[PDB]
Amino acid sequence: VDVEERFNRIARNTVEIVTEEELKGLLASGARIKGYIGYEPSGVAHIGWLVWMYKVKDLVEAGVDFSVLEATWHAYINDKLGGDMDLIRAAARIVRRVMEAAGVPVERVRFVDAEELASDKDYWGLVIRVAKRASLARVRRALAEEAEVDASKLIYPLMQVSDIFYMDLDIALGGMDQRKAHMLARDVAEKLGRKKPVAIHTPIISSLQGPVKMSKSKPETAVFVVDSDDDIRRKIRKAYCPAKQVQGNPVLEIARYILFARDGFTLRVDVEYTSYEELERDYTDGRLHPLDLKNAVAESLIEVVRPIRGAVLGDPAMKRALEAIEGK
């Protein structure tokens, strides 16, 4: 069961794996396994991205040959950073630095700018073959009346699936917000003679506000890797955190997906938790108060962010890019 350790390492903290038997079959073959994560460099990295960065670390240590696709063209399609390609590229350079400073073994990761794929006719050749095997309906349920959905929105998924096939991947890692694109890839792979990828989805940390994903939309609802210790204390203190409630609680998600992601992590509270489940029980049994959890999470998050913030702000050029980005 060498497959068992690799599997648990890859599966740890994921929301789903489509499908586990398929992954186990891949692990059992002994053959080289290729995987990637594609993300839109849409702004300054916030802590939510750390969840998939840690997963990249897990896949790499599990023997998967990994690539990170800086999906710049996709970000452009979604008008991120006003479609300013320079700012999008800048956001990607920051992500690389954040990943390294976060402990990901970037030396073993191949970073690819979507531009390299865009320059190959064979890539567009695949975008077309993929489009020929999926109805406008099939593609539409992977995304609203026609008059409001601009055509570039239908190309997005087509490109997403083509990125996976073009890179000859056995595995597609991504947040749960990528599941629809991944299902389309799986539904189309055999028709095109391409590998049906195993889809591995990571959790998406909720907005600190309340009743919504964490993103650069409302600064106060997201903790950026460059926020000050005081900004982190404020944002966490004001965070939605229902007593005894676990579902929808971002404070608990941060504890579970980011703080306890670190093997050997401990959360000291005014009790000392050696596991997340322990904390959750005590939290459910009203034994742990929202305000006490907040402070403890805030202070631990500060330790996680401190070194990442340093690697970014302590690099003049990067600090410059960070400011250009925060400009738009």
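The numbering used is simple: start at 1 and walk along the sequence shown.
Where coordinates are absent for parts of the deposited sequence, a chain break appears; between neighbours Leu143 and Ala144 it spans 4 to 9 residues. According to the record, the deposited sequence contains no missing residues between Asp285 and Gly286, so the chain is continuous there. For the pair 315-323 and 13-21, the mean Cα B-factor is higher in 315-323.
When the mean C-alpha temperature factors of 108-116 and 134-142 are read from the deposited coordinates, 134-142 comes out higher. The top Cα temperature factor in the record, among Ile236, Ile171, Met183, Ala147, falls on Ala147. Taking only the listed residues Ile47, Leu27, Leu279, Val297, the entry reports the highest CA temperature factor at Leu279.
Placement of the Cα temperature factor of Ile200 within the chain: lowest third of the modelled residues, per the deposited record. Sort the chain's modelled residues by C-alpha temperature factor and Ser67 lands in the lowest third, per the entry. For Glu61, the recorded CA temperature factor ranks within the middle third of the chain's modelled residues.
Sort the chain's modelled residues by C-alpha temperature factor and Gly43 lands in the middle third, per the entry. When the modelled residues of the chain are ordered by their C-alpha B factor, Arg97 lands in the middle third.
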